[PDB]
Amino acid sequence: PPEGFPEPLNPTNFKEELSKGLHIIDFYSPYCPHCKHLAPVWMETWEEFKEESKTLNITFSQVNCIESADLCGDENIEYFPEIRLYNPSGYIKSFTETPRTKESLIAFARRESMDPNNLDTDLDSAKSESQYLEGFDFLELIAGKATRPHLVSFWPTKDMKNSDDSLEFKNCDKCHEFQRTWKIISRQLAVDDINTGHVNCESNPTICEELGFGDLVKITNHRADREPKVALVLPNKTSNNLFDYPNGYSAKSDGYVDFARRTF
């Protein structure tokens, strides 16, 4: 066991400990097949994360649900082991991604530190990582020239230089909300070395029409409302390398990040 490795949180510690910063907690059981296959991974995770832990305000913790059974009942633990993110307000989300490695847990903590809503930090202080793609740039990506995956967003505008520029979108109720979402997505995907890009569909009509985003190219009074679109570009493939975002619109970044991270 690593030197400073902390004891599980218990009913004397839980609320006092979660009242500052972020916590990634392993609700585990000493009575579990898979949870002793997590334990040594956890401690190495903890050990390698010691430095960033200080600077990102994120702590890896544990709860033994046998020694704290009523604690785990309050937190409504359904399975073992269960990995969760808390902030000072309480539960946020679970980390179900498999298989659990030191790499995957570290990436997840880094990913979550860049969500401004988690510690209500200020997104304006940060740059958007989203890259301005002219039509030609986007076509190069799709010709198989990407060396990393690119989540690309498409907009009913011609004036977006940075994805967070102040812009007035016509017949697009969700466009402004999605600029916040897109910026958060760009920074979270940057940890996984997945690129992001934005396309001005008004300046790239033929490309956006061919791709099925033709409704973003032009004002029409038959469609009341339009939404920004998102698609994934796979690196170093010359065909079938373009995949539209499958789920519905969301104000949350999570669906888009996890889509961009899928193995295809």
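We number the residues from 1 along the sequence you see.
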With B-factors read from the PDB entry, the higher C-alpha mean of 156-164 and 91-99 is in 91-99
Mean B factor on CA atoms, stretches 63-71 and 230-238, record says higher is 63-71
Highest CA B factor of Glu209, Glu52, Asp26, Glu202, as deposited, is found at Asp26
Chain thirds by Cα B factor, record data; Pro81 belongs to the highest
Sorting the chain's modelled residues by C-alpha B-factor and splitting them into thirds places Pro11 in the highest
Binned into thirds over the chain's modelled residues, the C-alpha B-factor of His198 lands in the lowest
Among the modelled residues of its chain, the C-alpha B-factor of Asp120 falls in the third labelled highest
Binned into thirds over the chain's modelled residues, the C-alpha B-factor of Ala224 lands in the highest
